[PDB]
>>> print(open('work22.tsv').read())   # TSV, C-alpha atoms and all ligand atoms
chain	number	residue	atom	x	y	z
A	1	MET	CA	15.72	17.09	12.79
A	2	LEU	CA	15.17	15.66	9.30
A	3	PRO	CA	18.38	14.12	7.83
A	4	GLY	CA	20.31	15.17	4.70
A	5	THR	CA	19.40	12.08	2.67
A	6	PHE	CA	15.70	12.82	3.22
A	7	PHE	CA	16.19	16.16	1.45
A	8	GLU	CA	17.97	14.35	-1.39
A	9	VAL	CA	14.86	12.17	-1.82
A	10	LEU	CA	12.76	15.37	-1.97
A	11	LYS	CA	14.86	16.54	-4.93
A	12	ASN	CA	13.77	13.43	-6.87
A	13	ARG	CA	10.42	12.31	-8.26
A	14	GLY	CA	8.22	9.82	-6.47
A	15	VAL	CA	5.01	8.76	-4.82
A	16	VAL	CA	4.56	9.56	-1.13
A	17	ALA	CA	2.23	7.35	0.94
A	18	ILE	CA	0.33	8.50	4.04
A	19	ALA	CA	-1.34	5.99	6.36
A	20	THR	CA	-4.00	6.82	8.96
A	21	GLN	CA	-6.24	4.87	11.33
A	22	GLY	CA	-9.87	4.49	10.28
A	23	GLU	CA	-12.80	2.99	12.19
A	24	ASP	CA	-12.60	-0.43	10.52
A	25	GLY	CA	-8.93	-0.52	9.45
A	26	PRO	CA	-6.10	1.61	8.03
A	27	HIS	CA	-6.49	4.12	5.23
A	28	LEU	CA	-3.79	4.95	2.69
A	29	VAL	CA	-3.46	7.99	0.41
A	30	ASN	CA	-0.77	9.63	-1.70
A	31	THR	CA	1.01	12.78	-2.72
A	32	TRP	CA	4.15	13.51	-4.77
A	33	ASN	CA	7.72	13.85	-3.41
A	34	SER	CA	7.85	17.38	-4.85
A	35	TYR	CA	4.65	18.53	-3.12
A	36	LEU	CA	6.11	18.24	0.41
A	37	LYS	CA	7.13	21.53	2.02
A	38	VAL	CA	9.45	21.31	5.03
A	39	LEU	CA	9.16	23.98	7.74
A	40	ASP	CA	11.67	24.16	10.60
A	41	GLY	CA	13.31	20.82	11.45
A	42	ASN	CA	10.15	18.80	12.14
A	43	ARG	CA	7.19	19.97	10.04
A	44	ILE	CA	6.16	18.60	6.66
A	45	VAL	CA	3.25	20.28	4.85
A	46	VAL	CA	1.20	18.57	2.12
A	47	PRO	CA	-1.34	20.28	-0.17
A	48	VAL	CA	-4.83	18.80	0.32
A	49	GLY	CA	-7.30	18.57	-2.56
A	50	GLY	CA	-9.25	15.50	-1.44
A	51	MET	CA	-8.19	13.59	1.69
A	52	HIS	CA	-11.71	13.61	3.16
A	53	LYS	CA	-11.48	10.15	4.72
A	54	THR	CA	-7.89	10.95	5.75
A	55	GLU	CA	-8.99	14.17	7.48
A	56	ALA	CA	-11.80	12.36	9.32
A	57	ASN	CA	-9.27	9.77	10.53
A	58	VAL	CA	-6.72	12.38	11.63
A	59	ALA	CA	-9.42	14.20	13.61
A	60	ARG	CA	-9.95	11.01	15.68
A	61	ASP	CA	-6.34	9.76	15.74
A	62	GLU	CA	-3.61	12.32	15.00
A	63	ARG	CA	-0.90	9.67	14.49
A	64	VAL	CA	0.19	9.16	10.88
A	65	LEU	CA	2.81	7.17	8.98
A	66	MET	CA	4.45	8.42	5.81
A	67	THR	CA	6.80	6.71	3.36
A	68	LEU	CA	8.79	8.04	0.41
A	69	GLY	CA	11.91	7.12	-1.51
A	70	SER	CA	13.92	7.22	-4.71
A	71	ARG	CA	15.83	4.75	-6.89
A	72	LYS	CA	18.22	7.64	-7.65
A	73	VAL	CA	19.49	8.28	-4.11
A	74	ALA	CA	22.12	6.02	-2.53
A	75	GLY	CA	20.84	4.14	0.51
A	76	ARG	CA	22.53	2.62	3.53
A	77	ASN	CA	23.58	-0.61	1.80
A	78	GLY	CA	23.23	-0.02	-1.96
A	79	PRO	CA	21.43	1.96	-4.67
A	80	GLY	CA	18.02	3.41	-3.79
A	81	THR	CA	16.66	4.53	-0.45
A	82	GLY	CA	13.53	5.41	1.46
A	83	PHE	CA	12.16	6.67	4.76
A	84	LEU	CA	9.44	5.83	7.24
A	85	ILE	CA	8.17	8.99	8.93
A	86	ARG	CA	6.06	8.87	12.10
A	87	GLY	CA	4.28	12.00	13.30
A	88	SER	CA	1.14	13.82	14.39
A	89	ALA	CA	-1.09	15.42	11.79
A	90	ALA	CA	-3.41	18.41	11.70
A	91	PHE	CA	-5.32	20.21	8.94
A	92	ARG	CA	-5.22	23.96	8.33
A	93	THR	CA	-7.26	26.09	5.92
A	94	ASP	CA	-5.48	29.39	6.70
A	95	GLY	CA	-2.33	30.85	8.28
A	96	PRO	CA	1.39	30.28	7.52
A	97	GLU	CA	1.07	26.50	7.12
A	98	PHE	CA	-1.60	26.83	4.45
A	99	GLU	CA	0.31	29.69	2.81
A	100	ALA	CA	3.31	27.34	2.52
A	101	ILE	CA	1.35	25.26	-0.04
A	102	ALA	CA	-1.08	27.90	-1.36
A	103	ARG	CA	0.70	27.84	-4.75
A	104	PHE	CA	-1.44	24.75	-5.37
A	105	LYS	CA	-4.70	26.48	-6.24
A	106	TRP	CA	-6.63	23.20	-6.01
A	107	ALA	CA	-5.72	22.95	-2.32
A	108	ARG	CA	-8.70	23.18	0.03
A	109	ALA	CA	-6.36	22.76	3.02
A	110	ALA	CA	-2.84	21.96	4.23
A	111	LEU	CA	-1.95	18.71	5.95
A	112	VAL	CA	0.69	19.51	8.56
A	113	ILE	CA	2.73	16.59	9.88
A	114	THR	CA	4.80	17.21	12.99
A	115	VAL	CA	7.54	14.59	12.71
A	116	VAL	CA	8.52	12.56	15.78
A	117	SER	CA	10.82	10.10	13.96
A	118	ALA	CA	12.41	9.56	10.55
A	119	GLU	CA	13.86	6.11	9.89
A	120	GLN	CA	15.92	5.31	6.81
A	121	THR	CA	14.43	1.89	6.00
A	122	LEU	CA	16.60	1.28	2.94
B	1	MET	CA	-8.78	-7.91	-13.98
B	2	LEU	CA	-6.20	-5.18	-13.34
B	3	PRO	CA	-6.49	-2.29	-15.86
B	4	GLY	CA	-3.84	-1.52	-18.51
B	5	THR	CA	-2.85	1.73	-16.77
B	6	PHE	CA	-1.87	-0.35	-13.71
B	7	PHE	CA	0.50	-2.46	-15.83
B	8	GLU	CA	2.02	0.71	-17.33
B	9	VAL	CA	2.74	2.04	-13.82
B	10	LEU	CA	4.52	-1.28	-13.06
B	11	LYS	CA	6.79	-0.71	-16.07
B	12	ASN	CA	7.92	2.61	-14.55
B	13	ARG	CA	10.15	3.39	-11.55
B	14	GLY	CA	8.60	3.96	-8.16
B	15	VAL	CA	8.03	3.18	-4.51
B	16	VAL	CA	5.14	0.88	-3.57
B	17	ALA	CA	3.52	1.26	-0.15
B	18	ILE	CA	1.82	-1.57	1.78
B	19	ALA	CA	-0.33	-0.86	4.85
B	20	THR	CA	-1.45	-3.41	7.45
B	21	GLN	CA	-3.36	-3.23	10.72
B	22	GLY	CA	-1.12	-3.41	13.79
B	23	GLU	CA	-2.18	-3.74	17.43
B	24	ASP	CA	-1.71	-0.04	18.24
B	25	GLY	CA	-2.27	1.49	14.79
B	26	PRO	CA	-1.37	1.04	11.10
B	27	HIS	CA	1.95	-0.24	9.84
B	28	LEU	CA	3.49	0.85	6.56
B	29	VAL	CA	6.24	-0.80	4.51
B	30	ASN	CA	7.61	-0.53	0.98
B	31	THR	CA	8.76	-2.32	-2.12
B	32	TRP	CA	9.67	-1.17	-5.66
B	33	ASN	CA	7.36	-1.00	-8.69
B	34	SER	CA	9.63	-3.34	-10.68
B	35	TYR	CA	9.59	-5.99	-7.92
B	36	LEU	CA	5.85	-6.66	-8.25
B	37	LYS	CA	4.78	-9.76	-10.16
B	38	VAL	CA	1.18	-10.14	-11.36
B	39	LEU	CA	0.15	-13.82	-11.34
B	40	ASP	CA	-3.29	-13.62	-12.95
B	41	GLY	CA	-6.36	-11.37	-12.97
B	42	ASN	CA	-6.18	-10.52	-9.26
B	43	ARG	CA	-2.98	-11.71	-7.54
B	44	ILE	CA	0.15	-9.61	-7.02
B	45	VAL	CA	3.33	-11.03	-5.49
B	46	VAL	CA	6.03	-9.10	-3.59
B	47	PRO	CA	9.45	-10.47	-2.57
B	48	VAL	CA	9.79	-10.54	1.22
B	49	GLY	CA	13.16	-9.81	2.82
B	50	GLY	CA	12.11	-8.24	6.11
B	51	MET	CA	8.41	-7.57	6.69
B	52	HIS	CA	8.48	-9.31	10.07
B	53	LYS	CA	6.08	-6.82	11.72
B	54	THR	CA	3.97	-6.84	8.54
B	55	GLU	CA	3.82	-10.66	8.60
B	56	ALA	CA	2.73	-10.63	12.26
B	57	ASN	CA	0.00	-8.12	11.42
B	58	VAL	CA	-1.26	-10.19	8.47
B	59	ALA	CA	-1.56	-13.26	10.73
B	60	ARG	CA	-3.96	-11.24	12.94
B	61	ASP	CA	-5.75	-9.38	10.11
B	62	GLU	CA	-5.28	-10.43	6.48
B	63	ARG	CA	-6.68	-7.17	5.04
B	64	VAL	CA	-4.15	-4.93	3.30
B	65	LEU	CA	-3.89	-1.71	1.31
B	66	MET	CA	-1.33	-0.98	-1.39
B	67	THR	CA	-0.55	2.19	-3.35
B	68	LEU	CA	1.71	2.82	-6.32
B	69	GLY	CA	2.05	5.39	-9.08
B	70	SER	CA	4.12	7.23	-11.65
B	71	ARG	CA	4.57	10.77	-12.96
B	72	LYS	CA	5.20	9.20	-16.38
B	73	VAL	CA	1.81	7.51	-16.87
B	74	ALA	CA	-1.30	9.37	-18.01
B	75	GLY	CA	-4.01	10.02	-15.41
B	76	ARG	CA	-7.50	11.50	-15.79
B	77	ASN	CA	-6.34	15.13	-15.76
B	78	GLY	CA	-2.94	14.97	-17.49
B	79	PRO	CA	0.43	13.30	-16.73
B	80	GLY	CA	0.75	11.36	-13.47
B	81	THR	CA	-1.44	8.64	-12.01
B	82	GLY	CA	-1.68	6.05	-9.27
B	83	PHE	CA	-3.75	3.31	-7.70
B	84	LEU	CA	-5.19	2.20	-4.38
B	85	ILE	CA	-5.39	-1.59	-4.13
B	86	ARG	CA	-7.53	-3.23	-1.44
B	87	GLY	CA	-7.13	-6.93	-0.78
B	88	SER	CA	-6.06	-9.76	1.46
B	89	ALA	CA	-2.51	-10.92	2.09
B	90	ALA	CA	-0.86	-14.29	2.60
B	91	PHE	CA	2.78	-15.34	2.96
B	92	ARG	CA	4.24	-18.29	1.05
B	93	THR	CA	7.63	-20.01	1.12
B	94	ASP	CA	7.05	-22.50	-1.73
B	95	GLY	CA	4.95	-23.24	-4.82
B	96	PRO	CA	4.28	-21.09	-7.92
B	97	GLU	CA	3.65	-18.06	-5.69
B	98	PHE	CA	7.20	-18.17	-4.33
B	99	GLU	CA	8.72	-19.22	-7.67
B	100	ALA	CA	7.24	-16.00	-9.10
B	101	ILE	CA	9.73	-13.90	-7.10
B	102	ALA	CA	12.46	-16.52	-6.54
B	103	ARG	CA	14.80	-14.46	-8.79
B	104	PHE	CA	15.32	-12.37	-5.65
B	105	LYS	CA	17.91	-14.52	-3.90
B	106	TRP	CA	17.37	-12.60	-0.65
B	107	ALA	CA	13.66	-13.47	-0.52
B	108	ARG	CA	12.67	-15.40	2.61
B	109	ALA	CA	9.05	-15.52	1.41
B	110	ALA	CA	6.52	-14.24	-1.09
B	111	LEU	CA	3.78	-11.84	-0.04
B	112	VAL	CA	0.71	-12.69	-2.09
B	113	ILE	CA	-1.96	-9.99	-2.30
B	114	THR	CA	-5.33	-11.07	-3.67
B	115	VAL	CA	-6.89	-7.90	-5.09
B	116	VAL	CA	-10.54	-7.16	-4.28
B	117	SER	CA	-10.50	-3.67	-5.81
B	118	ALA	CA	-8.12	-1.45	-7.74
B	119	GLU	CA	-9.06	2.23	-7.77
B	120	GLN	CA	-7.32	4.78	-9.99
B	121	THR	CA	-7.00	7.69	-7.57
B	122	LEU	CA	-5.46	10.23	-9.95
C	1	LIG	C1	0.63	9.83	-7.00
C	1	LIG	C2	-0.59	10.49	-6.36
C	1	LIG	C3	-0.48	11.80	-5.89
C	1	LIG	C4	-1.57	12.41	-5.29
C	1	LIG	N1	-1.46	13.72	-4.83
C	1	LIG	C5	-2.45	14.24	-4.00
C	1	LIG	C6	-2.23	15.44	-3.31
C	1	LIG	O1	-1.17	16.05	-3.40
C	1	LIG	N2	-3.23	15.95	-2.49
C	1	LIG	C7	-4.45	15.28	-2.36
C	1	LIG	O2	-5.33	15.74	-1.65
C	1	LIG	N3	-4.67	14.08	-3.05
C	1	LIG	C8	-3.67	13.57	-3.88
C	1	LIG	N4	-3.88	12.35	-4.54
C	1	LIG	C9	-5.14	11.61	-4.29
C	1	LIG	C10	-5.12	11.00	-2.86
C	1	LIG	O3	-4.18	9.92	-2.79
C	1	LIG	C11	-6.49	10.50	-2.38
C	1	LIG	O4	-6.96	9.45	-3.25
C	1	LIG	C12	-7.56	11.60	-2.32
C	1	LIG	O5	-7.04	12.81	-1.75
C	1	LIG	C13	-8.78	11.15	-1.52
C	1	LIG	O6	-8.41	10.99	-0.14
C	1	LIG	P1	-9.33	10.22	0.91
C	1	LIG	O7	-9.49	8.71	0.39
C	1	LIG	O8	-8.69	10.32	2.25
C	1	LIG	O9	-10.79	10.91	0.86
C	1	LIG	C14	-2.79	11.73	-5.17
C	1	LIG	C15	-2.89	10.42	-5.63
C	1	LIG	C16	-1.80	9.80	-6.23
C	1	LIG	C17	-1.95	8.37	-6.73
C	2	LIG	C1	11.92	1.87	-1.52
C	2	LIG	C2	11.95	0.67	-0.56
C	2	LIG	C3	11.87	-0.62	-1.08
C	2	LIG	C4	11.88	-1.71	-0.21
C	2	LIG	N1	11.80	-3.00	-0.75
C	2	LIG	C5	11.57	-4.08	0.10
C	2	LIG	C6	11.25	-5.33	-0.44
C	2	LIG	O1	11.14	-5.48	-1.65
C	2	LIG	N2	11.02	-6.40	0.42
C	2	LIG	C7	11.13	-6.24	1.81
C	2	LIG	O2	10.94	-7.18	2.57
C	2	LIG	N3	11.46	-5.00	2.34
C	2	LIG	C8	11.69	-3.92	1.48
C	2	LIG	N4	11.99	-2.66	2.02
C	2	LIG	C9	12.01	-2.50	3.50
C	2	LIG	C10	10.57	-2.55	4.06
C	2	LIG	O3	9.86	-1.37	3.68
C	2	LIG	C11	10.53	-2.70	5.58
C	2	LIG	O4	11.13	-1.55	6.20
C	2	LIG	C12	11.20	-3.99	6.07
C	2	LIG	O5	10.84	-5.10	5.23
C	2	LIG	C13	10.78	-4.28	7.52
C	2	LIG	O6	9.39	-4.59	7.56
C	2	LIG	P1	8.56	-4.64	8.93
C	2	LIG	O7	8.60	-3.19	9.60
C	2	LIG	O8	7.18	-5.11	8.64
C	2	LIG	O9	9.35	-5.63	9.93
C	2	LIG	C14	12.00	-1.53	1.17
C	2	LIG	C15	12.07	-0.24	1.68
C	2	LIG	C16	12.06	0.86	0.81
C	2	LIG	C17	12.16	2.26	1.42
C	3	CL	CL	7.52	14.20	-7.46
C	4	CL	CL	11.16	0.39	-9.55
>>> encode(input="work22.tsv", output="structure tokens", more="lines below")
Ligand SMILES: Cc1cc2nc3c(=O)[nH]c(=O)nc-3n(C[C@H](O)[C@H](O)[C@H](O)COP(=O)(O)O)c2cc1C
Ligand SMILES: Cc1cc2nc3c(=O)[nH]c(=O)nc-3n(C[C@H](O)[C@H](O)[C@H](O)COP(=O)(O)O)c2cc1C
Ligand SMILES: [Cl-]
Ligand SMILES: [Cl-]
Amino acid sequence: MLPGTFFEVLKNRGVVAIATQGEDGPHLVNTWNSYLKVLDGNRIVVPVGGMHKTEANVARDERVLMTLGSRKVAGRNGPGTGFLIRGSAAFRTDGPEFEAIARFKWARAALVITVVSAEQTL
Amino acid sequence: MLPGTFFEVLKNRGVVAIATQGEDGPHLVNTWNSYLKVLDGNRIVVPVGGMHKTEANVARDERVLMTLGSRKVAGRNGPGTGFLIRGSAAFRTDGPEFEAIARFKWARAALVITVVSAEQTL
């Protein structure tokens, strides 16, 4: 399951990065720390406004990488911390996963990441 | 050159993300906004402590992506903005490129990103 310090990061402001595999190289997009909705112990849901290239990539290769952190959360060896998340992604336009982020009226979909690993990298 | 909004983001707290092409898929690592040093119109330097997998990737494929942002900097549609940087990476252990981040006593190298494009994505 996702660790306690990860939830501490989610209580603080920051830029989340999401990497996917494209045809000619990686792609990299963003969301905000506060926009992530955790379901169960292994699902993270992100509201999707754009992410057209990201969605195309996920459709061909479900594997994604996600990073996030905060200067304001104590890490393993000093001030500040962050995480590398590895997981499989899918997009949903309806159902409970979309409803989890439906408060964002600009959302055309939900990006659902099923987390396989969470590594505290700082 | 890099736009003024980019420099304003650098003056604010945040997590930077750097994506490279690995053999099996993307790799994704981090630094801090305040760690970045802009050398001229199109070079950004990052202090390297770890980044061993990242360095190996860059040796195979120099192309990199970088994202950064801040809630505290104005975007197109209100508060909050960020950037996607596309460029090529090189690692240096001496010269002005290393001297630029030498204040970090833990730095084993400098990661020099030569920016091809900087897109404001919010
Ligand atoms: C700090 C930041 C937060 C962002 N938040 C979102 C978001 O929550 N959802 C979204 O779809 N795009 C968000 N964007 C824009 C995306 O990063 C991306 O540029 C856009 O969705 C287009 O994706 P694509 O290049 O895969 O087509 C954000 C950008 C930044 C810089
Ligand atoms: C918020 C944050 C800031 C980081 N800052 C640096 C940094 O400035 N330089 C560095 O080498 N690694 C930094 N790290 C660790 C790297 O992201 C990465 O995990 C480590 O360098 C190993 O890289 P590699 O997987 O390419 O071997 C930071 C991690 C986080 C979460
Ligand atoms: Cl946030
Ligand atoms: Cl910072």
>>> interface_residues(input="work22.tsv", of="chain B", to="chain A", cutoff="12 Å", atoms="only C-alpha atoms", output="PyMOL selection string")
chain B and resi 9+12-34+49-51+57+61-72+80-86+119-122
>>> calpha_fit_and_write(input="work22.tsv", fixed="chain B", moving="chain A", output="PDB file with C-alpha atoms, in the frame of the given file")
ATOM      1  CA  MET A   1      -9.199  -7.723 -13.334  1.00  0.00           C
ATOM      2  CA  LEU A   2      -6.292  -5.273 -13.069  1.00  0.00           C
ATOM      3  CA  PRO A   3      -6.582  -2.382 -15.598  1.00  0.00           C
ATOM      4  CA  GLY A   4      -4.213  -1.471 -18.458  1.00  0.00           C
ATOM      5  CA  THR A   5      -2.933   1.734 -16.849  1.00  0.00           C
ATOM      6  CA  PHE A   6      -1.867  -0.248 -13.771  1.00  0.00           C
ATOM      7  CA  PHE A   7       0.453  -2.297 -15.996  1.00  0.00           C
ATOM      8  CA  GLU A   8       1.827   0.934 -17.473  1.00  0.00           C
ATOM      9  CA  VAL A   9       2.739   2.050 -13.933  1.00  0.00           C
ATOM     10  CA  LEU A  10       4.525  -1.303 -13.443  1.00  0.00           C
ATOM     11  CA  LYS A  11       6.715  -0.512 -16.463  1.00  0.00           C
ATOM     12  CA  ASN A  12       7.975   2.620 -14.667  1.00  0.00           C
ATOM     13  CA  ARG A  13      10.122   3.123 -11.577  1.00  0.00           C
ATOM     14  CA  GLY A  14       8.644   3.908  -8.195  1.00  0.00           C
ATOM     15  CA  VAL A  15       8.054   3.201  -4.548  1.00  0.00           C
ATOM     16  CA  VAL A  16       5.159   0.914  -3.626  1.00  0.00           C
ATOM     17  CA  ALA A  17       3.557   1.306  -0.180  1.00  0.00           C
ATOM     18  CA  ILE A  18       1.813  -1.492   1.736  1.00  0.00           C
ATOM     19  CA  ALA A  19      -0.336  -0.739   4.784  1.00  0.00           C
ATOM     20  CA  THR A  20      -1.447  -3.292   7.385  1.00  0.00           C
ATOM     21  CA  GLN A  21      -3.278  -3.217  10.714  1.00  0.00           C
ATOM     22  CA  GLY A  22      -1.126  -3.575  13.823  1.00  0.00           C
ATOM     23  CA  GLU A  23      -2.170  -3.918  17.466  1.00  0.00           C
ATOM     24  CA  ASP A  24      -1.706  -0.232  18.318  1.00  0.00           C
ATOM     25  CA  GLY A  25      -2.119   1.382  14.876  1.00  0.00           C
ATOM     26  CA  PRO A  26      -1.298   0.955  11.174  1.00  0.00           C
ATOM     27  CA  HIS A  27       2.028  -0.234   9.829  1.00  0.00           C
ATOM     28  CA  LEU A  28       3.532   0.868   6.519  1.00  0.00           C
ATOM     29  CA  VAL A  29       6.280  -0.768   4.441  1.00  0.00           C
ATOM     30  CA  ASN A  30       7.629  -0.540   0.905  1.00  0.00           C
ATOM     31  CA  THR A  31       8.760  -2.328  -2.203  1.00  0.00           C
ATOM     32  CA  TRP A  32       9.639  -1.199  -5.745  1.00  0.00           C
ATOM     33  CA  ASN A  33       7.222  -0.947  -8.712  1.00  0.00           C
ATOM     34  CA  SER A  34       9.433  -3.400 -10.622  1.00  0.00           C
ATOM     35  CA  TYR A  35       9.381  -6.052  -7.879  1.00  0.00           C
ATOM     36  CA  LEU A  36       5.630  -6.750  -8.225  1.00  0.00           C
ATOM     37  CA  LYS A  37       4.738  -9.929 -10.111  1.00  0.00           C
ATOM     38  CA  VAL A  38       1.155 -10.223 -11.363  1.00  0.00           C
ATOM     39  CA  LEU A  39      -0.408 -13.696 -11.584  1.00  0.00           C
ATOM     40  CA  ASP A  40      -3.816 -14.219 -13.204  1.00  0.00           C
ATOM     41  CA  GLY A  41      -6.095 -11.161 -13.068  1.00  0.00           C
ATOM     42  CA  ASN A  42      -6.116 -10.641  -9.290  1.00  0.00           C
ATOM     43  CA  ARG A  43      -2.845 -11.725  -7.656  1.00  0.00           C
ATOM     44  CA  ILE A  44       0.155  -9.515  -6.967  1.00  0.00           C
ATOM     45  CA  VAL A  45       3.291 -11.141  -5.521  1.00  0.00           C
ATOM     46  CA  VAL A  46       5.992  -9.202  -3.643  1.00  0.00           C
ATOM     47  CA  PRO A  47       9.428 -10.552  -2.646  1.00  0.00           C
ATOM     48  CA  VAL A  48       9.855 -10.522   1.152  1.00  0.00           C
ATOM     49  CA  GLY A  49      13.252  -9.935   2.753  1.00  0.00           C
ATOM     50  CA  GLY A  50      12.117  -8.307   6.000  1.00  0.00           C
ATOM     51  CA  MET A  51       8.419  -7.565   6.584  1.00  0.00           C
ATOM     52  CA  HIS A  52       8.402  -9.231  10.015  1.00  0.00           C
ATOM     53  CA  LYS A  53       5.972  -6.777  11.607  1.00  0.00           C
ATOM     54  CA  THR A  54       3.969  -6.787   8.355  1.00  0.00           C
ATOM     55  CA  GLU A  55       3.724 -10.597   8.392  1.00  0.00           C
ATOM     56  CA  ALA A  56       2.612 -10.607  12.042  1.00  0.00           C
ATOM     57  CA  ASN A  57      -0.104  -8.070  11.168  1.00  0.00           C
ATOM     58  CA  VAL A  58      -1.289  -9.994   8.098  1.00  0.00           C
ATOM     59  CA  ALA A  59      -1.560 -13.173  10.181  1.00  0.00           C
ATOM     60  CA  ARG A  60      -4.090 -11.385  12.449  1.00  0.00           C
ATOM     61  CA  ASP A  61      -5.807  -9.229   9.802  1.00  0.00           C
ATOM     62  CA  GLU A  62      -5.435 -10.328   6.168  1.00  0.00           C
ATOM     63  CA  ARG A  63      -6.704  -7.006   4.761  1.00  0.00           C
ATOM     64  CA  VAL A  64      -4.034  -4.808   3.174  1.00  0.00           C
ATOM     65  CA  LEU A  65      -3.852  -1.536   1.251  1.00  0.00           C
ATOM     66  CA  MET A  66      -1.286  -0.871  -1.446  1.00  0.00           C
ATOM     67  CA  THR A  67      -0.439   2.293  -3.376  1.00  0.00           C
ATOM     68  CA  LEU A  68       1.827   2.908  -6.363  1.00  0.00           C
ATOM     69  CA  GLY A  69       2.141   5.411  -9.174  1.00  0.00           C
ATOM     70  CA  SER A  70       4.280   7.198 -11.728  1.00  0.00           C
ATOM     71  CA  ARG A  71       4.837  10.780 -12.893  1.00  0.00           C
ATOM     72  CA  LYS A  72       5.442   9.300 -16.369  1.00  0.00           C
ATOM     73  CA  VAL A  73       2.009   7.733 -16.930  1.00  0.00           C
ATOM     74  CA  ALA A  74      -0.981   9.867 -17.943  1.00  0.00           C
ATOM     75  CA  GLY A  75      -3.737   9.909 -15.332  1.00  0.00           C
ATOM     76  CA  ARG A  76      -7.459  10.548 -15.490  1.00  0.00           C
ATOM     77  CA  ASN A  77      -7.199  14.350 -15.479  1.00  0.00           C
ATOM     78  CA  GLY A  78      -3.566  15.217 -16.288  1.00  0.00           C
ATOM     79  CA  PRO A  79       0.048  14.023 -16.152  1.00  0.00           C
ATOM     80  CA  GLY A  80       0.911  11.383 -13.546  1.00  0.00           C
ATOM     81  CA  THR A  81      -1.252   8.681 -12.037  1.00  0.00           C
ATOM     82  CA  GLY A  82      -1.564   6.213  -9.203  1.00  0.00           C
ATOM     83  CA  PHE A  83      -3.649   3.402  -7.752  1.00  0.00           C
ATOM     84  CA  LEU A  84      -5.094   2.325  -4.435  1.00  0.00           C
ATOM     85  CA  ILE A  85      -5.258  -1.468  -4.232  1.00  0.00           C
ATOM     86  CA  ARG A  86      -7.340  -3.256  -1.589  1.00  0.00           C
ATOM     87  CA  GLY A  87      -6.890  -6.984  -1.039  1.00  0.00           C
ATOM     88  CA  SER A  88      -6.210  -9.946   1.224  1.00  0.00           C
ATOM     89  CA  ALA A  89      -2.642 -10.984   1.921  1.00  0.00           C
ATOM     90  CA  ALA A  90      -0.887 -14.245   2.705  1.00  0.00           C
ATOM     91  CA  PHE A  91       2.761 -15.297   3.001  1.00  0.00           C
ATOM     92  CA  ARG A  92       4.306 -18.277   1.219  1.00  0.00           C
ATOM     93  CA  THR A  93       7.783 -19.792   1.574  1.00  0.00           C
ATOM     94  CA  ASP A  94       7.354 -22.421  -1.178  1.00  0.00           C
ATOM     95  CA  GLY A  95       5.206 -23.355  -4.188  1.00  0.00           C
ATOM     96  CA  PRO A  96       4.367 -21.431  -7.403  1.00  0.00           C
ATOM     97  CA  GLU A  97       3.792 -18.092  -5.650  1.00  0.00           C
ATOM     98  CA  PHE A  98       7.230 -18.135  -4.056  1.00  0.00           C
ATOM     99  CA  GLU A  99       8.784 -19.388  -7.301  1.00  0.00           C
ATOM    100  CA  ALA A 100       7.297 -16.325  -9.037  1.00  0.00           C
ATOM    101  CA  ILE A 101       9.711 -14.105  -7.045  1.00  0.00           C
ATOM    102  CA  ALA A 102      12.502 -16.611  -6.305  1.00  0.00           C
ATOM    103  CA  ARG A 103      14.850 -14.680  -8.634  1.00  0.00           C
ATOM    104  CA  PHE A 104      15.325 -12.406  -5.615  1.00  0.00           C
ATOM    105  CA  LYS A 105      17.767 -14.552  -3.664  1.00  0.00           C
ATOM    106  CA  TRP A 106      17.357 -12.385  -0.554  1.00  0.00           C
ATOM    107  CA  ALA A 107      13.676 -13.348  -0.395  1.00  0.00           C
ATOM    108  CA  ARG A 108      12.738 -15.380   2.679  1.00  0.00           C
ATOM    109  CA  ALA A 109       9.110 -15.486   1.487  1.00  0.00           C
ATOM    110  CA  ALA A 110       6.529 -14.202  -1.000  1.00  0.00           C
ATOM    111  CA  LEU A 111       3.775 -11.792  -0.039  1.00  0.00           C
ATOM    112  CA  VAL A 112       0.713 -12.715  -2.088  1.00  0.00           C
ATOM    113  CA  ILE A 113      -2.013 -10.085  -2.369  1.00  0.00           C
ATOM    114  CA  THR A 114      -5.361 -11.222  -3.725  1.00  0.00           C
ATOM    115  CA  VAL A 115      -6.837  -8.007  -5.118  1.00  0.00           C
ATOM    116  CA  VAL A 116     -10.486  -7.162  -4.428  1.00  0.00           C
ATOM    117  CA  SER A 117     -10.388  -3.612  -5.857  1.00  0.00           C
ATOM    118  CA  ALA A 118      -8.086  -1.314  -7.824  1.00  0.00           C
ATOM    119  CA  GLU A 119      -8.984   2.378  -7.826  1.00  0.00           C
ATOM    120  CA  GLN A 120      -7.219   4.913 -10.023  1.00  0.00           C
ATOM    121  CA  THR A 121      -6.903   7.746  -7.484  1.00  0.00           C
ATOM    122  CA  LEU A 122      -5.144  10.142  -9.852  1.00  0.00           C
TER     123      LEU A 122
END
>>> residues_around(input="work22.tsv", residues="residue 91 (chain B)", least_positions_apart="4", cutoff="7 Å", atoms="only C-alpha atoms", output="PyMOL selection string")
chain B and resi 109-112
>>> residues_near_point(input="work22.tsv", point="(14.4, -17.6, 1.8)", cutoff="12 Å", atoms="all atoms listed in the file", output="count of residues only")
20
>>> atom_distance(input="work22.tsv", atom1="CA of residue 115 (chain A)", atom2="CA of residue 52 (chain B)")
24.1 Å
>>> closest_residue(input="work22.tsv", among="B:54, B:5, B:88, B:114", to="ligand LIG 2 (chain C)", atoms="all atoms listed in the file")
B:54
>>> atom_distance(input="work22.tsv", atom1="atom CL of ligand CL 4 (chain C)", atom2="CA of residue 38 (chain B)")
14.6 Å
>>> atom_distance(input="work22.tsv", atom1="CA of residue 95 (chain B)", atom2="atom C8 of ligand LIG 2 (chain C)")
21.4 Å
>>> residues_around(input="work22.tsv", residues="residue 37 (chain A)", least_positions_apart="3", cutoff="7 Å", atoms="only C-alpha atoms", output="list in words")
residues 44, 45, 46 and 100 of chain A
